[PDB]
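Below is entry31.tsv, holding TSV, C-alpha atoms.
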chain	number	residue	atom	x	y	z
E	1	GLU	CA	17.24	-1.58	-12.53
E	2	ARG	CA	13.81	-1.05	-14.10
E	3	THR	CA	12.34	2.44	-14.09
E	4	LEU	CA	9.38	3.31	-11.81
E	5	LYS	CA	7.03	6.29	-12.13
E	6	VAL	CA	4.43	7.62	-9.68
E	7	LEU	CA	1.10	8.28	-11.42
E	8	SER	CA	-1.17	9.41	-8.56
E	9	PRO	CA	-0.29	10.58	-5.05
E	10	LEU	CA	1.50	7.85	-3.17
E	11	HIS	CA	1.75	7.55	0.61
E	12	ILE	CA	3.74	4.77	2.24
E	13	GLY	CA	3.90	5.48	5.94
E	14	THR	CA	5.87	4.38	8.98
E	15	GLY	CA	2.81	5.06	11.15
E	16	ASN	CA	4.66	8.00	12.73
E	17	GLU	CA	3.14	11.46	12.40
E	18	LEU	CA	4.45	14.98	12.18
E	19	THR	CA	2.85	17.09	14.91
E	20	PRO	CA	2.35	20.89	15.06
E	21	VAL	CA	5.50	20.95	17.20
E	22	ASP	CA	7.31	19.84	14.02
E	23	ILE	CA	5.80	22.21	11.42
E	24	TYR	CA	5.45	25.87	10.60
E	25	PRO	CA	2.89	26.58	7.84
E	26	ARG	CA	3.08	29.72	5.74
E	27	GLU	CA	0.95	30.31	2.61
E	28	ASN	CA	0.81	26.85	0.90
E	29	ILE	CA	4.17	25.59	2.27
E	30	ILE	CA	4.51	23.42	5.36
E	31	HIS	CA	7.97	23.95	6.83
E	32	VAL	CA	9.26	20.77	8.51
E	33	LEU	CA	11.29	22.40	11.25
E	34	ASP	CA	14.57	21.63	12.95
E	35	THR	CA	13.05	22.19	16.37
E	36	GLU	CA	16.35	21.72	18.19
E	37	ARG	CA	18.17	24.53	16.40
E	38	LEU	CA	15.04	26.68	16.77
E	39	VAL	CA	14.94	26.11	20.53
E	40	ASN	CA	18.67	26.83	20.84
E	41	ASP	CA	18.38	30.07	18.84
E	42	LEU	CA	15.37	31.22	20.89
E	43	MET	CA	17.26	30.64	24.13
E	44	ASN	CA	20.14	32.77	22.84
E	45	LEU	CA	17.51	35.40	22.02
E	46	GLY	CA	16.58	35.26	25.71
E	47	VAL	CA	13.53	33.05	25.67
E	48	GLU	CA	14.05	31.01	28.80
E	49	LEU	CA	13.54	27.27	28.44
E	50	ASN	CA	10.71	27.21	31.01
E	51	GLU	CA	8.48	29.22	28.68
E	52	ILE	CA	9.19	26.87	25.76
E	53	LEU	CA	8.46	23.82	27.89
E	54	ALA	CA	5.14	25.29	29.07
E	55	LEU	CA	4.18	25.97	25.44
E	56	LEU	CA	4.87	22.35	24.49
E	57	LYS	CA	2.86	21.18	27.52
E	58	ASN	CA	-0.16	23.45	26.79
E	59	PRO	CA	-0.40	24.34	23.08
E	60	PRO	CA	-2.56	27.40	22.36
E	61	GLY	CA	-6.22	26.93	21.51
E	62	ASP	CA	-6.31	29.10	18.38
E	63	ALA	CA	-2.87	29.45	16.70
E	64	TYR	CA	-0.03	26.98	16.18
E	65	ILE	CA	2.95	26.55	18.47
E	66	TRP	CA	5.82	28.19	16.59
E	67	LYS	CA	3.64	30.88	14.99
E	68	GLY	CA	4.03	32.94	18.14
E	69	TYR	CA	7.82	32.83	18.19
E	70	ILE	CA	8.65	32.87	14.48
E	71	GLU	CA	6.38	35.93	14.14
E	72	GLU	CA	7.51	37.61	17.38
E	73	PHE	CA	11.25	37.42	16.64
E	74	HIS	CA	10.98	37.95	12.85
E	75	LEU	CA	12.72	34.63	12.19
E	76	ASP	CA	13.04	33.23	8.70
E	77	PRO	CA	11.20	29.88	8.65
E	78	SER	CA	13.49	28.71	5.85
E	79	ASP	CA	16.44	29.09	8.21
E	80	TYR	CA	14.91	26.34	10.37
E	81	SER	CA	13.38	24.12	7.65
E	82	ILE	CA	14.77	20.65	7.12
E	83	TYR	CA	12.52	20.48	4.05
E	84	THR	CA	9.21	21.85	2.81
E	85	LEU	CA	5.91	20.42	1.62
E	86	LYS	CA	3.56	22.07	-0.85
E	87	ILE	CA	-0.02	21.78	0.45
E	88	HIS	CA	-2.74	20.05	-1.60
E	89	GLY	CA	-6.27	20.56	-0.25
E	90	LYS	CA	-8.22	22.45	2.39
E	91	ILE	CA	-5.71	23.62	4.98
E	92	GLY	CA	-6.03	22.52	8.59
E	93	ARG	CA	-7.53	25.09	10.94
E	94	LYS	CA	-5.12	25.18	13.87
E	95	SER	CA	-3.34	21.90	14.28
E	96	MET	CA	-2.28	19.83	11.34
E	97	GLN	CA	-1.10	16.27	11.75
E	98	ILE	CA	0.66	14.55	8.89
E	99	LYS	CA	1.33	10.86	8.32
E	100	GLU	CA	5.03	10.79	7.63
E	101	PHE	CA	6.31	8.99	4.55
E	102	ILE	CA	8.91	6.30	5.10
E	103	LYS	CA	12.52	7.37	4.79
E	104	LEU	CA	16.03	6.08	5.19
E	105	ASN	CA	18.48	8.71	6.44
E	106	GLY	CA	16.02	11.47	5.53
E	107	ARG	CA	15.32	10.25	1.99
E	108	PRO	CA	11.98	8.81	0.81
E	109	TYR	CA	11.89	5.51	-1.07
E	110	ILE	CA	9.43	2.81	-2.14
E	111	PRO	CA	10.08	-0.30	-0.02
E	112	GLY	CA	10.36	-3.52	-1.99
E	113	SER	CA	7.71	-5.09	0.24
E	114	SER	CA	5.23	-2.48	-1.07
E	115	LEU	CA	5.93	-3.30	-4.70
E	116	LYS	CA	6.06	-7.06	-4.14
E	117	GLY	CA	2.83	-6.90	-2.13
E	118	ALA	CA	1.00	-5.24	-5.02
E	119	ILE	CA	2.35	-7.99	-7.27
E	120	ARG	CA	1.43	-10.69	-4.76
E	121	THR	CA	-2.15	-9.46	-4.55
E	122	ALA	CA	-2.49	-9.71	-8.33
E	123	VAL	CA	-0.98	-13.21	-8.39
E	124	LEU	CA	-3.59	-14.27	-5.85
E	125	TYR	CA	-6.33	-12.98	-8.16
E	126	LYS	CA	-5.18	-14.86	-11.25
E	127	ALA	CA	-4.55	-18.10	-9.36
E	128	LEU	CA	-8.00	-18.08	-7.75
E	129	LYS	CA	-9.65	-16.81	-10.93
E	130	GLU	CA	-8.16	-19.51	-13.19
E	131	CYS	CA	-7.35	-22.48	-10.90
E	132	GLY	CA	-9.89	-21.94	-8.09
E	133	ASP	CA	-12.09	-24.89	-9.04
E	134	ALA	CA	-12.82	-27.52	-6.42
E	135	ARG	CA	-10.83	-30.17	-8.28
E	136	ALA	CA	-7.56	-28.26	-8.59
E	137	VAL	CA	-7.61	-26.91	-5.06
E	138	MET	CA	-8.41	-30.30	-3.59
E	139	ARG	CA	-5.48	-31.84	-5.47
E	140	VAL	CA	-3.22	-29.19	-3.91
E	141	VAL	CA	-4.50	-29.51	-0.35
E	142	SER	CA	-4.92	-33.32	-0.38
E	143	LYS	CA	-1.13	-33.68	-0.45
E	144	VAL	CA	-0.85	-31.79	2.88
E	145	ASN	CA	-4.05	-32.28	4.88
E	146	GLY	CA	-6.83	-34.44	3.52
E	147	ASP	CA	-9.35	-33.25	6.08
E	148	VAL	CA	-9.12	-29.66	4.83
E	149	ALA	CA	-9.09	-30.91	1.24
E	150	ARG	CA	-12.24	-32.88	1.98
E	151	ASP	CA	-13.86	-29.92	3.71
E	152	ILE	CA	-13.10	-27.53	0.84
E	153	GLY	CA	-14.36	-29.95	-1.73
E	154	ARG	CA	-18.08	-30.07	-1.04
E	155	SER	CA	-18.50	-26.30	-1.31
E	156	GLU	CA	-18.36	-25.65	-5.10
E	157	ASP	CA	-15.63	-23.08	-5.89
E	158	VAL	CA	-13.03	-21.96	-3.37
E	159	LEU	CA	-14.75	-18.59	-3.45
E	160	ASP	CA	-17.80	-20.25	-1.87
E	161	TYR	CA	-15.55	-22.23	0.48
E	162	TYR	CA	-14.00	-19.00	1.79
E	163	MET	CA	-17.46	-17.54	2.34
E	164	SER	CA	-18.97	-20.57	4.08
E	165	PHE	CA	-15.88	-20.71	6.31
E	166	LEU	CA	-16.34	-17.07	7.38
E	167	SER	CA	-19.97	-17.96	8.09
E	168	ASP	CA	-12.69	-15.85	12.20
E	169	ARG	CA	-11.59	-13.71	9.25
E	170	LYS	CA	-7.89	-13.88	10.10
E	171	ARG	CA	-8.20	-17.66	10.13
E	172	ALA	CA	-9.86	-17.90	6.72
E	173	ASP	CA	-7.45	-15.29	5.42
E	174	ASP	CA	-4.36	-17.20	6.62
E	175	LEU	CA	-5.89	-20.47	5.45
E	176	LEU	CA	-6.31	-19.07	1.94
E	177	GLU	CA	-2.83	-17.57	1.83
E	178	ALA	CA	-1.42	-20.99	2.69
E	179	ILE	CA	-3.48	-22.80	0.04
E	180	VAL	CA	-2.43	-20.41	-2.72
E	181	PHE	CA	1.12	-19.47	-1.73
E	182	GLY	CA	2.42	-22.60	-0.02
E	183	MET	CA	1.76	-24.68	3.03
E	184	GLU	CA	3.10	-27.08	5.61
E	185	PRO	CA	1.09	-29.51	7.72
E	186	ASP	CA	0.91	-28.43	11.33
E	187	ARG	CA	-0.46	-30.50	14.18
E	188	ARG	CA	-2.16	-27.71	16.16
E	189	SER	CA	-3.28	-25.96	12.99
E	190	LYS	CA	-4.34	-28.20	10.17
E	191	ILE	CA	-2.58	-26.04	7.51
E	192	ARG	CA	0.04	-23.30	7.89
E	193	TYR	CA	1.65	-20.96	5.39
E	194	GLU	CA	5.30	-21.79	4.78
E	195	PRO	CA	7.48	-19.09	3.16
E	196	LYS	CA	10.03	-21.75	2.20
E	197	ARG	CA	7.43	-23.37	-0.09
E	198	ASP	CA	6.24	-20.09	-1.71
E	199	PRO	CA	7.01	-19.55	-5.43
E	200	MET	CA	7.05	-15.78	-4.75
E	201	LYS	CA	10.38	-16.45	-2.99
E	202	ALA	CA	11.84	-16.60	-6.50
E	203	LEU	CA	10.83	-12.98	-7.24
E	204	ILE	CA	13.42	-10.50	-5.95
E	205	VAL	CA	12.14	-6.97	-5.29
E	206	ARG	CA	14.69	-4.57	-3.81
E	207	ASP	CA	13.84	-1.24	-2.23
E	208	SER	CA	13.85	1.57	-4.77
E	209	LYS	CA	16.58	4.12	-5.05
E	210	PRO	CA	15.69	7.28	-3.08
E	211	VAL	CA	13.31	9.90	-4.45
E	212	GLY	CA	14.32	13.50	-3.90
E	213	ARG	CA	12.36	15.15	-1.09
E	214	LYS	CA	11.40	17.85	-3.59
E	215	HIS	CA	8.75	15.38	-4.83
E	216	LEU	CA	7.23	15.04	-1.34
E	217	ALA	CA	4.14	17.16	-0.69
E	218	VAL	CA	1.26	17.04	1.81
E	219	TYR	CA	-2.25	15.99	0.73
E	220	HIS	CA	-5.62	16.25	2.42
E	221	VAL	CA	-7.22	12.79	2.32
E	222	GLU	CA	-10.92	11.92	2.08
E	223	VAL	CA	-12.68	8.54	2.39
E	224	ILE	CA	-15.67	7.78	0.16
E	225	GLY	CA	-17.06	5.10	2.47
E	226	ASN	CA	-16.12	6.32	5.94
E	227	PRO	CA	-16.81	9.67	7.64
E	228	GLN	CA	-14.11	10.96	10.00
E	229	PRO	CA	-14.43	14.27	11.90
E	230	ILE	CA	-10.63	14.64	12.06
E	231	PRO	CA	-8.93	15.70	8.79
E	232	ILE	CA	-6.35	13.27	7.42
E	233	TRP	CA	-3.01	14.54	6.09
E	234	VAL	CA	-0.24	12.44	4.53
E	235	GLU	CA	3.17	13.05	3.08
E	236	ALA	CA	2.95	11.59	-0.42
E	237	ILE	CA	5.16	11.50	-3.49
E	238	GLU	CA	3.77	13.77	-6.20
E	239	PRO	CA	2.63	12.36	-9.56
E	240	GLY	CA	5.38	12.24	-12.16
E	241	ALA	CA	8.22	11.61	-9.73
E	242	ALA	CA	10.44	8.77	-10.92
E	243	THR	CA	13.00	6.40	-9.41
E	244	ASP	CA	14.54	3.00	-10.24
E	245	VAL	CA	13.96	-0.44	-8.71
E	246	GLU	CA	15.87	-3.71	-8.86
E	247	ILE	CA	13.29	-6.37	-9.71
E	248	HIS	CA	13.88	-9.72	-11.38
E	249	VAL	CA	13.19	-13.44	-11.18
E	250	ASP	CA	15.72	-15.65	-9.41
E	251	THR	CA	15.77	-18.43	-11.98
E	252	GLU	CA	18.25	-20.49	-9.95
E	253	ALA	CA	15.91	-20.51	-6.95
E	254	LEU	CA	13.01	-21.42	-9.18
E	255	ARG	CA	14.63	-24.51	-10.70
E	256	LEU	CA	16.16	-25.49	-7.38
E	257	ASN	CA	12.98	-25.56	-5.27
E	258	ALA	CA	10.94	-27.01	-8.15
E	259	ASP	CA	10.00	-30.11	-6.15
E	260	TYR	CA	9.61	-28.20	-2.88
E	261	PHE	CA	7.05	-25.56	-3.87
E	262	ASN	CA	3.40	-26.33	-3.33
E	263	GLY	CA	0.06	-24.56	-3.32
E	264	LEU	CA	-2.50	-23.36	-5.79
E	265	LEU	CA	-0.14	-20.92	-7.56
E	266	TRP	CA	2.53	-23.53	-8.33
E	267	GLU	CA	-0.21	-25.92	-9.44
E	268	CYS	CA	-1.57	-23.23	-11.73
E	269	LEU	CA	1.79	-22.66	-13.40
E	270	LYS	CA	2.12	-26.44	-13.81
E	271	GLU	CA	-1.14	-26.63	-15.77
E	272	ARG	CA	0.28	-24.01	-18.12
E	273	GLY	CA	3.60	-25.70	-18.93
E	274	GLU	CA	6.80	-26.22	-17.00
E	275	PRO	CA	6.20	-24.08	-13.89
E	276	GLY	CA	9.55	-22.33	-13.75
E	277	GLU	CA	9.32	-20.94	-17.28
E	278	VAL	CA	5.68	-19.84	-17.00
E	279	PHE	CA	6.39	-17.98	-13.76
E	280	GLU	CA	7.50	-14.53	-14.88
E	281	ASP	CA	4.87	-14.53	-17.65
E	282	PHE	CA	2.04	-15.53	-15.32
E	283	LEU	CA	3.23	-12.93	-12.83
E	284	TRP	CA	3.01	-9.95	-15.17
E	285	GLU	CA	-0.19	-11.13	-16.83
E	286	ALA	CA	-1.61	-11.25	-13.30
E	287	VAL	CA	-0.57	-7.65	-12.67
E	288	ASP	CA	-2.27	-6.57	-15.90
E	289	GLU	CA	-5.52	-8.51	-15.36
E	290	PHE	CA	-5.90	-7.57	-11.72
E	291	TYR	CA	-5.28	-3.83	-11.78
E	292	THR	CA	-7.44	-3.50	-14.86
E	293	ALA	CA	-10.22	-4.97	-12.72
E	294	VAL	CA	-9.16	-2.76	-9.80
E	295	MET	CA	-9.43	0.49	-11.73
E	296	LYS	CA	-12.81	-0.51	-13.19
E	297	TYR	CA	-14.32	-0.92	-9.74
E	298	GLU	CA	-12.36	1.94	-8.24
E	299	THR	CA	-14.02	4.00	-11.01
E	300	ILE	CA	-17.49	2.69	-10.20
E	301	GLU	CA	-16.89	3.34	-6.49
E	302	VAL	CA	-15.64	6.95	-6.84
E	303	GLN	CA	-18.59	7.82	-9.07
E	304	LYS	CA	-21.01	6.16	-6.63
E	305	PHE	CA	-19.91	8.81	-4.11
E	306	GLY	CA	-20.12	11.80	-6.41
E	307	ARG	CA	-16.41	12.61	-6.52
E	308	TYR	CA	-15.88	11.54	-10.17
E	309	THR	CA	-14.66	14.88	-11.53
E	310	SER	CA	-13.24	15.79	-14.94
E	311	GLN	CA	-9.75	15.42	-13.49
E	312	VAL	CA	-10.54	11.92	-12.26
E	313	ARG	CA	-12.03	10.57	-15.48
E	314	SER	CA	-9.01	12.04	-17.23
E	315	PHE	CA	-6.78	10.30	-14.68
E	316	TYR	CA	-8.23	6.82	-15.23
E	317	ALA	CA	-8.07	7.24	-19.00
E	318	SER	CA	-4.42	8.23	-18.59
E	319	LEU	CA	-3.73	4.91	-16.82
E	320	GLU	CA	-4.55	3.09	-20.05
E	321	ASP	CA	-1.96	5.04	-22.06
E	322	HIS	CA	1.25	3.51	-20.67
E	323	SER	CA	3.47	0.81	-22.12
E	324	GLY	CA	4.85	-0.58	-18.84
E	325	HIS	CA	3.01	-2.32	-16.02
E	326	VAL	CA	0.59	-0.26	-13.92
E	327	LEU	CA	0.10	-1.13	-10.25
E	328	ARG	CA	-1.63	0.33	-7.22
E	329	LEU	CA	0.60	0.17	-4.14
E	330	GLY	CA	-0.50	0.17	-0.52
E	331	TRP	CA	-2.11	-3.15	0.35
E	332	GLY	CA	-2.97	-3.70	3.99
E	333	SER	CA	-4.06	-6.68	6.02
E	334	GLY	CA	-7.31	-7.24	4.11
E	335	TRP	CA	-5.62	-7.80	0.73
E	336	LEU	CA	-6.95	-11.37	0.36
E	337	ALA	CA	-10.43	-10.39	1.48
E	338	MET	CA	-10.49	-7.50	-1.01
E	339	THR	CA	-9.36	-9.79	-3.83
E	340	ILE	CA	-12.05	-12.35	-2.93
E	341	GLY	CA	-14.53	-9.48	-3.06
E	342	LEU	CA	-13.55	-8.40	-6.57
E	343	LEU	CA	-13.90	-11.99	-7.75
E	344	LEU	CA	-17.32	-12.21	-6.09
E	345	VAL	CA	-18.44	-9.03	-7.84
E	346	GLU	CA	-17.09	-10.23	-11.18
E	347	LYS	CA	-19.32	-13.28	-10.85
E	348	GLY	CA	-22.20	-10.89	-10.10
E	349	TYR	CA	-22.70	-10.23	-6.41
E	350	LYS	CA	-23.43	-6.72	-5.16
E	351	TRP	CA	-20.56	-5.17	-3.20
E	352	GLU	CA	-22.95	-4.07	-0.43
E	353	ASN	CA	-23.59	-7.75	0.41
E	354	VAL	CA	-19.93	-8.89	0.24
E	355	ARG	CA	-10.62	3.95	0.06
E	356	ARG	CA	-8.97	7.36	-0.11
E	357	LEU	CA	-8.66	10.49	-2.27
E	358	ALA	CA	-5.61	12.74	-1.95
E	359	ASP	CA	-6.95	16.17	-2.90
E	360	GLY	CA	-9.66	14.42	-4.88
E	361	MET	CA	-7.35	11.98	-6.63
E	362	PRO	CA	-7.10	8.19	-6.24
E	363	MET	CA	-3.99	7.16	-4.35
E	364	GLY	CA	-1.13	4.76	-4.89
E	365	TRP	CA	-0.99	4.26	-8.66
E	366	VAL	CA	2.44	3.61	-10.22
E	367	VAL	CA	3.92	2.26	-13.45
E	368	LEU	CA	7.04	0.10	-13.81

Is it possible to give me this structure as structure tokens?
Amino acid sequence: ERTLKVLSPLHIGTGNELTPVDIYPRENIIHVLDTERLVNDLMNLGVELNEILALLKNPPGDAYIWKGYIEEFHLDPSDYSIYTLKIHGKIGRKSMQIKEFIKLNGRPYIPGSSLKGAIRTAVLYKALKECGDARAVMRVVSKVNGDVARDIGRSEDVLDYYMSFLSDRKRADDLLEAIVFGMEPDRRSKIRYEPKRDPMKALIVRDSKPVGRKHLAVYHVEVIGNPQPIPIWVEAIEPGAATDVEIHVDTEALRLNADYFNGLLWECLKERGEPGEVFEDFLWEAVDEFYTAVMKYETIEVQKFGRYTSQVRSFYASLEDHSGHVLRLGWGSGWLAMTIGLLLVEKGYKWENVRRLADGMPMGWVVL
């Protein structure tokens, strides 16, 4: 199991949120309460359940929910804490609402899909950057659907083909994932992504071992490009926390499906030698090229919105002083569209024609 180290605050979320019913703040600690034991103790102190239920139905307009009881009955909040979160950023006025960080049996971890998705996004970038010419992509697609391969082909690079096709995003996005990462003909849908034909099947990324909850904290989150009246709060692993991950290339799968893989990525390995030996090398080169380009334009973007502080320039310089592979986790549904956009900017289009700070700091950076 390779070692993994969190470099900048890292939120990977179920989508579920802690509510003020779940927390008691005091000073710069959020207590994540055991509400059940707190309700049972209050009822043995003679609070009748009706009063508790009415408080949950109609939370007060100025204080929290459990501030009234914890501070009326002189309770110790630590006696009811499951765990605690140090606060990073401007505290919420009255109600704080926190994106929970994904757990198994109470213990945070990095899912393998998060790590593999950051790798997959970088592999897309190298494949399109190096083998995205009309000739190579047409050779790939002509063996599956010659109408698509003919349509792509009179549109210069595949970058321009993606952009003419958009000019209906989810279609282009799925069409491009199939061309790069493997494809089956389909009668209702001229091309479809096939996982069975994807070289990334050969890369095995297990979920990490658990991180201790002591490395969870809560971070105020800002967006440079979007203004939201409601403050955003996330559980995130603190920088410098470390765990281990099982990650390795399934060489047996790679030799075994060697005739069954297709798509631009397997073509691009084939141009470089025997595809199954190039694979792990191309993969980690792609992680290095891509997230170099990511941090360069993340830097330009954070300084375009005036948030580029002495801590932040020091942070991005620190990313360059590591010997392992540096990645930014947390890719959503627009991961192909974002990667097309970096490639369009690298060829010299303005981003205006073609992101989040946790307490001022860029999110999601890790090193393996």

Calculated over all atoms listed in the file, which of the candidates E:216, E:12, E:329, E:45 has the smallest distance to residue 115 in chain E? E:329

Within 12 Å of (0.4, -2.3, -11.9) (file coordinates; all atoms listed in the file), which protein or nucleic acid residues are there? I'd like them as a PDB file with C-alpha atoms, keeping the file's coordinate frame.
ATOM      1  CA  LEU E   4       9.380   3.310 -11.810  1.00  0.00           C
ATOM      2  CA  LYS E   5       7.030   6.290 -12.130  1.00  0.00           C
ATOM      3  CA  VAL E   6       4.430   7.620  -9.680  1.00  0.00           C
ATOM      4  CA  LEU E   7       1.100   8.280 -11.420  1.00  0.00           C
ATOM      5  CA  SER E 114       5.230  -2.480  -1.070  1.00  0.00           C
ATOM      6  CA  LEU E 115       5.930  -3.300  -4.700  1.00  0.00           C
ATOM      7  CA  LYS E 116       6.060  -7.060  -4.140  1.00  0.00           C
ATOM      8  CA  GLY E 117       2.830  -6.900  -2.130  1.00  0.00           C
ATOM      9  CA  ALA E 118       1.000  -5.240  -5.020  1.00  0.00           C
ATOM     10  CA  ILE E 119       2.350  -7.990  -7.270  1.00  0.00           C
ATOM     11  CA  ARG E 120       1.430 -10.690  -4.760  1.00  0.00           C
ATOM     12  CA  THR E 121      -2.150  -9.460  -4.550  1.00  0.00           C
ATOM     13  CA  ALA E 122      -2.490  -9.710  -8.330  1.00  0.00           C
ATOM     14  CA  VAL E 123      -0.980 -13.210  -8.390  1.00  0.00           C
ATOM     15  CA  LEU E 283       3.230 -12.930 -12.830  1.00  0.00           C
ATOM     16  CA  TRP E 284       3.010  -9.950 -15.170  1.00  0.00           C
ATOM     17  CA  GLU E 285      -0.190 -11.130 -16.830  1.00  0.00           C
ATOM     18  CA  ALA E 286      -1.610 -11.250 -13.300  1.00  0.00           C
ATOM     19  CA  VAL E 287      -0.570  -7.650 -12.670  1.00  0.00           C
ATOM     20  CA  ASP E 288      -2.270  -6.570 -15.900  1.00  0.00           C
ATOM     21  CA  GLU E 289      -5.520  -8.510 -15.360  1.00  0.00           C
ATOM     22  CA  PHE E 290      -5.900  -7.570 -11.720  1.00  0.00           C
ATOM     23  CA  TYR E 291      -5.280  -3.830 -11.780  1.00  0.00           C
ATOM     24  CA  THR E 292      -7.440  -3.500 -14.860  1.00  0.00           C
ATOM     25  CA  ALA E 293     -10.220  -4.970 -12.720  1.00  0.00           C
ATOM     26  CA  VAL E 294      -9.160  -2.760  -9.800  1.00  0.00           C
ATOM     27  CA  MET E 295      -9.430   0.490 -11.730  1.00  0.00           C
ATOM     28  CA  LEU E 319      -3.730   4.910 -16.820  1.00  0.00           C
ATOM     29  CA  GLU E 320      -4.550   3.090 -20.050  1.00  0.00           C
ATOM     30  CA  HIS E 322       1.250   3.510 -20.670  1.00  0.00           C
ATOM     31  CA  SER E 323       3.470   0.810 -22.120  1.00  0.00           C
ATOM     32  CA  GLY E 324       4.850  -0.580 -18.840  1.00  0.00           C
ATOM     33  CA  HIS E 325       3.010  -2.320 -16.020  1.00  0.00           C
ATOM     34  CA  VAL E 326       0.590  -0.260 -13.920  1.00  0.00           C
ATOM     35  CA  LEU E 327       0.100  -1.130 -10.250  1.00  0.00           C
ATOM     36  CA  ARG E 328      -1.630   0.330  -7.220  1.00  0.00           C
ATOM     37  CA  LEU E 329       0.600   0.170  -4.140  1.00  0.00           C
ATOM     38  CA  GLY E 330      -0.500   0.170  -0.520  1.00  0.00           C
ATOM     39  CA  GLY E 364      -1.130   4.760  -4.890  1.00  0.00           C
ATOM     40  CA  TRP E 365      -0.990   4.260  -8.660  1.00  0.00           C
ATOM     41  CA  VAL E 366       2.440   3.610 -10.220  1.00  0.00           C
ATOM     42  CA  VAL E 367       3.920   2.260 -13.450  1.00  0.00           C
ATOM     43  CA  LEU E 368       7.040   0.100 -13.810  1.00  0.00           C
TER      44      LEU E 368
END

Restricting the calculation to only C-alpha atoms, which member of E:92, E:341, E:275, E:360 is positioned closest to residue 297 in chain E? E:341

How many Å separate CA of residue 220 in chain E from CA of residue 94 in chain E? 14.5 Å

Gap from CA of residue 357 in chain E to CA of residue 307 in chain E - Å, one decimal: 9.1 Å

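Checking E:34, E:280, E:298, E:151 one by one against residue 356 in chain E, counting only C-alpha atoms, you find the shortest gap at E:298.
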
Record the distance separating CA of residue 343 in chain E and CA of residue 126 in chain E, expressed in Å with one decimal.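 Between CA of residue 343 in chain E and CA of residue 126 in chain E the gap is 9.8 Å.
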
Nearest residue to residue 265 in chain E from the set E:279, E:241, E:301, E:217 (distances using all atoms listed in the file): E:279

Cut-off 10 Å around (-3.7, -27.6, 9.5) with all atoms listed in the file: residues as a PyMOL selection string: chain E and resi 144-148+175+178+183-193

Expected file contents, prior selection, C-alpha atoms, as an mmCIF file, keeping the file's coordinate frame:
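result.cif written:
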data_model
loop_
_atom_site.group_PDB
_atom_site.id
_atom_site.type_symbol
_atom_site.label_atom_id
_atom_site.label_comp_id
_atom_site.auth_asym_id
_atom_site.auth_seq_id
_atom_site.Cartn_x
_atom_site.Cartn_y
_atom_site.Cartn_z
ATOM 1 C CA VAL E 144 -0.850 -31.790 2.880
ATOM 2 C CA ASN E 145 -4.050 -32.280 4.880
ATOM 3 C CA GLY E 146 -6.830 -34.440 3.520
ATOM 4 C CA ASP E 147 -9.350 -33.250 6.080
ATOM 5 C CA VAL E 148 -9.120 -29.660 4.830
ATOM 6 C CA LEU E 175 -5.890 -20.470 5.450
ATOM 7 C CA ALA E 178 -1.420 -20.990 2.690
ATOM 8 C CA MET E 183 1.760 -24.680 3.030
ATOM 9 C CA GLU E 184 3.100 -27.080 5.610
ATOM 10 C CA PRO E 185 1.090 -29.510 7.720
ATOM 11 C CA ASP E 186 0.910 -28.430 11.330
ATOM 12 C CA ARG E 187 -0.460 -30.500 14.180
ATOM 13 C CA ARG E 188 -2.160 -27.710 16.160
ATOM 14 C CA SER E 189 -3.280 -25.960 12.990
ATOM 15 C CA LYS E 190 -4.340 -28.200 10.170
ATOM 16 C CA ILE E 191 -2.580 -26.040 7.510
ATOM 17 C CA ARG E 192 0.040 -23.300 7.890
ATOM 18 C CA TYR E 193 1.650 -20.960 5.390
#

Show me, as JSON, the centre and edge lengths in Å to one decimal of the axis-aligned box that covers every listed atom of range 81-92 of chain E with 6 Å on each side.
{"center_x": 3.3, "center_y": 22.1, "center_z": 3.5, "size_x": 35.0, "size_y": 16.1, "size_z": 22.2}

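The residue that comes closest to residue 353 in chain E, out of E:209, E:173, E:163, E:131 and on the basis of all atoms listed in the file, is E:163.
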
Using all atoms listed in the file, the best pick from E:352, E:250, E:274, E:156 as closest to residue 225 in chain E would be E:352
